[PDB]
Amino acid sequence: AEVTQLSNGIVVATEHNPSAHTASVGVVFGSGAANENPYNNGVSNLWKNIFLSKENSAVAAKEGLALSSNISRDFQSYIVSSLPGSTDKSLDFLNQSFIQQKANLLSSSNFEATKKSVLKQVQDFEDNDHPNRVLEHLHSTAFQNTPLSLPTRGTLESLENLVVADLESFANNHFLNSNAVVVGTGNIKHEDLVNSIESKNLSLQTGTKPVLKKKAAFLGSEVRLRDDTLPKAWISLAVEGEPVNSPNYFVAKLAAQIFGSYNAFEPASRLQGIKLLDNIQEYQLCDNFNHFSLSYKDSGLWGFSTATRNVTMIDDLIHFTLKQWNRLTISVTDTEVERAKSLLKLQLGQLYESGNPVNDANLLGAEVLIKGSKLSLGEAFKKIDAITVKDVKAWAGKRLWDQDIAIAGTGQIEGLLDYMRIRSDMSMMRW
Amino acid sequence: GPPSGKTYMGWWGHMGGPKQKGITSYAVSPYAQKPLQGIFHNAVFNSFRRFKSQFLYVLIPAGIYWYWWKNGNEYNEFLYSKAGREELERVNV
Ligand SMILES: CCCCCCCCCCCO[C@@H]1O[C@H](CO)[C@@H](O[C@H]2O[C@H](CO)[C@@H](O)[C@H](O)[C@H]2O)[C@H](O)[C@H]1O
């Protein structure tokens, strides 16, 4: 009823949900793509896929279990889902995969087949997923030569050069008890899980701490992947944002909610209380846009992504959007701040109070790894309601006004002006 | 608006060039760069580009004309001096 957190060597964290009809048990490691290098980039993604390999999944399915794995920038997860009663069967599989097995999943035929699978996977993403590919390039240029610049799926070049040894090296260096948290969500009790874990013994690399490196840094820059054969222009643009556990974490998320998301083809989306919408609908400057406040351990990105077929008016799209951002520093109104509060609460509620145990597992593990605990919506909502117009203006004057930007784009971006023209729009002339 | 004649330059979004693909460009903000603290010394070996590579195309024609000028000027001066009186009358009339 408040999320329990116990440690006996292995940190166990659970979140009991009485309305849930299933249960998820897994392990979340405090290491992701941000802990790789340009040459082993994609190793985590390769691990995810061998864990989700047919051999491993068939074994789990026979037991009535479903496997899930997510590779993020700061973390990595491996979850098993089952009925509330088969919760102990999940632990056995989990125990087996990360303690008993090794040479079973890393066999020549399984590794090569899995490698070939992720290779075609990544190739398709880079070849067809334009909005996400652009967002990945935003991170790449914004944090270039820094941990946060590496794509989570890895790069084709490094992927084709990866061997079983690379996987093992990463596992020995990151899949450690000191860098992990065993999570339990859905319909399960803490005692049931802690005792079932405390039932077994061993340690498997005890006291071993993960590798350390240099911190993430934001660099005003841009990467342009022009492709005149594509039907649209896809653009992502952002300034240095807030890291997780930043004092302005919510103020930044609220600022992003002010401008929000938009889908020109959805009737209700066109009626939102967003001033930018009055400027962009007259000549239909875009098909959609979405503002974000991405937060990581060392840094973050605040900005937006947009897609448009109006290739001759991209300059107006960017101009109007950045002119609106200017407003956060000098003229954002009370009702805009109040509307943002309500919608932010709804966003967080939908994110944290989702009816999915695997989602809760990922969120719970990631947070307890970073701050040792998980913040409740009750506390989050209180912080949000305390945000004032002066807080937004103070934050904007620091993060937005006359600040460097990172830009990424693909498709028909001839109309996207030079860096300086876009950068100049981060402020307004004053007397 | 009235129908206008086709030209070889358009505008942003339809400049009139060929379809571009496969080229990726990267740039860094001027704010993140060294405050132009390397004008001289670092750009001295690159300098004289319009010199070493272009000076002969300028120098030879310049030398030809300057010497042609100096030659004619010295002769005119001679013709109008006491010693040049006889040749002056010869070439003038
Ligand atoms: C015809 C001959 C007459 C010549 C007269 C010379 C004109 C001088 C104008 C000088 C300054 O005009 C001034 O320019 C600076 C930018 O440099 C503007 O600054 C604006 O952009 C800068 C740079 O992104 C921001 O830091 C700043 O917060 C913002 O207000 C300022 O608001 C404006 O007031």
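The set of residues in the range A:131-147 that are assigned to a helix (DSSP H, G or I) and farther than 30 Å from A:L94 by Cα comprises A:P131, A:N132, A:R133, A:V134, A:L135, A:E136, A:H137, A:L138, A:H139, A:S140, A:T141, A:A142.
Take A:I422 and decide whether it is away from the ligand (no atom under 15 Å from the Cβ), β-branched (V, I, T) and in contact (Cβ under 8 Å) with a residue 12 or more places away in the chain. No: the conditions fail for A:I422. Residues that are among the charged types (D, E, K, R), away from chain B (no Cβ under 14 Å) and within 16 Å of the ligand (Cβ to nearest atom) within the range A:361-415 comprise A:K393, A:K398, A:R399, listed in sequence order. Filter the range A:65-97 for residues that are touching a residue at least 40 places away in the same chain (Cβ under 8 Å) and of a type in the set (D, E); which is farthest from A:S149 (Cα to Cα)? My answer is A:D88. Report whether or not A:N356 is away from the ligand (no atom under 16 Å from the Cβ) and surrounded by 19 or more Cβ atoms within 10 Å (Cβ to Cβ). Criteria not met by A:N356. Of all residues in the range A:305-351 being touching an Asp or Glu at 6+ places or on another chain (Cβ under 8 Å) and not polar (S, T, N, Q), which is farthest from A:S236 (Cα to Cα)? So the residue we want is A:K341. Of the residues A:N290, A:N245, the single one that is under 30 Å from A:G30 (Cα atoms), assigned by CATH to the domain that holds A:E338, touching a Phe, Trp or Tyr at 6+ places or on another chain (Cβ under 9 Å) and not charged (D, E, K, R) is A:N290. Looking across A:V337, A:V332, one residue alone is outside any loop (DSSP other than H, G, I, E, B), over 29 Å from A:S72 (Cα atoms), in contact with a helix residue (DSSP H, G or I) (Cβ under 9 Å, 6 or more places away or on another chain) and more than 16 Å from the ligand (Cβ to nearest atom). It is A:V337.
Let me confirm something: among A:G409, A:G365, A:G397, which residue is in contact (Cβ under 8 Å) with a residue 60 or more places away in the chain, farther than 26 Å from A:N326 by Cα and not acidic (D, E)? Spell out how you get there, then give the answer.
Working: A:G409 fails: farther than 26 Å from A:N326 by Cα; A:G397 fails: farther than 26 Å from A:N326 by Cα.
Answer to the selection: A:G365.
For the range A:249-265, state whether one or more residues are over 23 Å from the mean Cα position of the chain (by Cα) and farther than 21 Å from A:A408 by Cα. Taking every residue of the range A:249-265 in turn, at least one turns out to be over 23 Å from the mean Cα position of the chain (by Cα) and farther than 21 Å from A:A408 by Cα. In the range B:19-32, the residues that are within 20 Å of A:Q403 (Cβ to Cβ) and at the interface with chain A (Cβ under 7 Å from one of its Cβ atoms) form Cβ pairs under 7 Å with partners that are aliphatic (A, V, I, L, M) and part of a loop (DSSP other than H, G, I, E, B), at six or more places apart or across chains, as follows: B:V28/A:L219; B:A32/A:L219.
Ideal geometry is used to build each Cβ from the backbone, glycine not excepted, and the neighbour counts take in all protein chains shown. All of this is worked out from the model, or read from it or from the source named; no laboratory read-out is quoted.
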